[PDB]
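We begin with a single chain expressed as structure tokens, specifically the form deposited in one PDB entry.
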């Protein structure tokens, strides 16, 4: 089946973070040393920052953002630059939806934006691949789970939002959207393997559940005014995907009834899948050719399998076609997660830049 396009998030634009004067001033008082013994280490971290905030849009930009995020934790453990702390300096980033600069004298604000950009870059890497190879499907699934993990970590360990693009209602939308796209990649994988029809139906039902939570978030008035046109572009794709994968789920439920020799049940599920897919086609008006190619392929599957099932039942089996309400819905199978973020993993961080400052 042709693959649907994916949503990705833009990275935030960074401003100034003059940590050099503050760090040199704190080592002189508190640690009692000459600040100019740390010129080479302050240059290391600034170079690290300029490369983290002007990060290349590939797989290793993630290891650069991770390294800088971990070294920020190292620095804060040795120099107090948090909110209200002795050596805090202004941290400036641009809020994504307004384009306005927001400043906080808190190093945890810098970590929040770096972590936000980690998840956003993962969402770009997940959405860039064509997912034609099983290996491309696996990297997209991991990327979306990593994006969900960064936004989830950001929503828990920074419970007060430094800017509205990182509030908990927006972050929850981001996690639910990234988990739906991760689950969607796994749905592609389970269908390429030719797994059992019931299992595929459970996986596809979970894709619907994630996108329904993202849709409910996008229908909240607070979210729509902040995202602007973005809310209208995302939801048009999400609403259509809700019905598309609802059709995919019932198509595989009808294939299970076929294996169960319930041919009256099989017509009912195929009829439901075709109705939901026709709804997806109607909601997909104006969508790019990637979306339409996927819907045209799926209709060839569902359309022919519905006609053949009704023909077999009307002429061979004569089994009662149940209404859709009388048969139990498909329970989703959540197999994807926000994958955890360890900021201070020494393997991704390398040595502590300021290890000498004791």
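Residue numbers count along the first chain shown, from 1. Only residues modelled in both forms are compared. Each form is matched to the other, and the largest set of C-alpha atoms that superpose within 1.5 Å is called the rigid core.
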Quiz item: Where do the C-alpha atoms have the higher mean temperature factor in this entry, in 94-102 or in 117-125?
Solution: 94-102
Self-check item: 319-327 versus 286-294 - which carries the larger mean C-alpha B factor in the record
Solution: 319-327
Quiz item: Out of 77, 85, 206, 220, which shows the largest CA B-factor listed in the entry?
Solution: 220
Exercise. Go through 174, 133, 231, 181 one by one and give the residue whose Cα B-factor in the PDB entry is largest.
Key: 133
Self-check item: Chain-wide C-alpha B factor ranking for residue 70, given as lowest, middle or highest third
Solution: lowest
Quiz item: In terms of the chain's CA B-factor thirds, is residue 49 lowest, middle or highest?
Solution: lowest
Quiz item: Compared with the other modelled residues in the chain, in which third is the CA B-factor of residue 147?
Solution: lowest
Exercise. Ordered by C-alpha B-factor within the chain, which third holds residue 12? Give me lowest, middle or highest, please.
Key: lowest
Exercise. Would you please rank residue 81 by its C-alpha temperature factor against the other modelled residues of its chain and give the third it falls in: lowest, middle or highest?
Key: highest
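Not on display, but discussed next: the form deposited with a partner chain bound.
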Self-check item: is_contact(residue 4, the partner chain) in the deposited complex, heavy atom dist at most 4.5 Å
Solution: no
Quiz item: With the rigid core superposed, can you list, in sequence order, the 3+ residue stretches whose C-alpha atoms all shift 2 Å or more between the shown form and the other one?
Solution: 31-33
